[PDB]
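So here's one chain in two forms, each on its own in structure tokens, numbered structure 1 and structure 2.
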Structure 1
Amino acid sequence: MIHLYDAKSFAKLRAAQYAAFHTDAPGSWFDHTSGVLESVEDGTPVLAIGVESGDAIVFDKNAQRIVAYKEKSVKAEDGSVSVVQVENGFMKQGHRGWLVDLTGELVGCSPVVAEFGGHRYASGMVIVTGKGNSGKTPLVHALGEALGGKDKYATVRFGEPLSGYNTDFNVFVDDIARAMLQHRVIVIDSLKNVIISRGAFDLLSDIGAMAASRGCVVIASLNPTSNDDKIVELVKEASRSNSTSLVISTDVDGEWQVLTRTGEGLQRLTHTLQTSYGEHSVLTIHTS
């Protein structure tokens, strides 16, 4: 909804956004939204995401699809009304994104999702890209494991000519939706087939905000299939724009640069990652 501010309430907002990344316990936002989701009335639509055509499918708190749901409205503090209606498996009324409020007044954050190697990482979408045909796949997996920490990370596979890989966009958004509804750390191996259909365009536009609001973090590989020219600059550009954080390869083997948006109007941070391969190409990110 819309929010009103004067100097004083704006300064409080910024302080809270700053704390959401810098001082809140890592993964606390995720635990908080998981709590909000489980308190959702059984059967209530909680998430809507676009499929290939541009239409949207809807899920409940247990990541089960909703196919029929009689129109229901909700009045916000803003005075604005929220309406949701599902019919024949598709949203008849509503909007893409979260259908229940996970944030309230606290918006514009990049909730800390985890801490590793002396650095805090933001929830939201992280695109791993850069100098083509490098080791993006091993990197998204190492990041997944490291950010997972005590927990397992979820892997969404899509659009690679390898065994067991789904290449149908509608199965892909179904996996993404389930992943965000159930896990704090998600890896998407290849946003290749995505970047264009309306559903695909919808995804690039919505995923970061959906993850950041949940407090989960989606680590997506984007190997520029495009030339190995300066088209990689445009890819990086498009990526910076729809990503909460960016991870780009450098001219130094095994080294990557992490660029993080810490919150609305807040400072962008950067740190470097050193990595190395073990057996069977398992990559390890060096810490101390």
Structure 2
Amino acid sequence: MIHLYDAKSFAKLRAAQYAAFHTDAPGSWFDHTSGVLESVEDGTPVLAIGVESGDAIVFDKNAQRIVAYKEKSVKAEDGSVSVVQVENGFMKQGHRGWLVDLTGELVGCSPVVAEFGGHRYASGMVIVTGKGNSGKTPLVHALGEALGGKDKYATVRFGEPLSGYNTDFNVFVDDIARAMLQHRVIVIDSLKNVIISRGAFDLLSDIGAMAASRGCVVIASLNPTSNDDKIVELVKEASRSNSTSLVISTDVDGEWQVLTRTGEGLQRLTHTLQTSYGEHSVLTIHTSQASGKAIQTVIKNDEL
């Protein structure tokens, strides 16, 4: 909805956003939203995501698709009215994204999803990319394991010519929706094929906000390697504007840079990661700050 501010309430908002990343207990936001979702009336639509055509499918708190749901209006705090209607498996009225309020007045945050090796990581969408030899797939799985911590991470597989990989975009959004409804740490192996259908465009523009609202993190690999400035520029835009965090390889094999947006209007942070391979390509991230817009575009230059 829309929110109104004066100097006092605005400074309070920035303090709360700053805290959502810097001082809240890691993963606390996810626990909170899990609670909100479980308290939802059974059968109530909670999430809508776009399919290939641009239409939207809808899920309930248990990640089950809602094929029929009669028009139901709810008036928001600001006066706006939300209408949700599902017919023949598709959204007749409503919008893409969360259909129930998980945030309230606390918007514009990058809720801390986990802490690892002395660094806080943000929920939302993390794009792992870059040119060079450092492998992306091995890195997204290591990050998944590390941010997972005590919890297992969920893996969504899409669009790679390997066994058992789904390549149908509509099955893909279903897997993603289920993952975000049920897990805090999610890995997507290959955003490459979404990079375009209406649904694919909606996905790139919606996923970061969906994840950040839930307090979960979606870690996705994206190979820039493609000298087609129509696509390479989309890679740079996806990484620049649709990602909450960016993990990009460097000049040194095994080394990566993490650039994190800490919240609305706040500074991006940066830190370096050292990694090494064990058996069967299992990668390990070794354990034992603020950057400006200029530095950011310098990094984006890497993908050309």
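In this text, rigid core is short for the largest set of C-alphas that superpose within 1.5 Å between two forms. Numbering runs along the sequence of structure 1, starting at 1. Only residues modelled in both forms are compared.
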property: Displaced residue between structures 1 and 2, judged on C-alpha after the rigid core is fitted, out of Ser80, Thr167, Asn133, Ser73 (threshold 2 Å or more); result: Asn133
property: Threshold 2 Å Cα movement between structures 1 and 2 at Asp31, rigid core reference; result: no
property: After fitting the core, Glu233 CA displacement of 2 Å or more between structures 1 and 2; result: yes
property: Core-aligned CA shift between structures 1 and 2 for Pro224 (Å); result: 2.2
property: Per-residue Cα shift, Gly215, between structures 1 and 2 [Å; core superposed]; result: 0.1
property: Mobile segments between structures 1 and 2 - rigid core superposition, Cα shift of 2 Å or more, 3+ residues; result: 132 to 134, 227 to 238
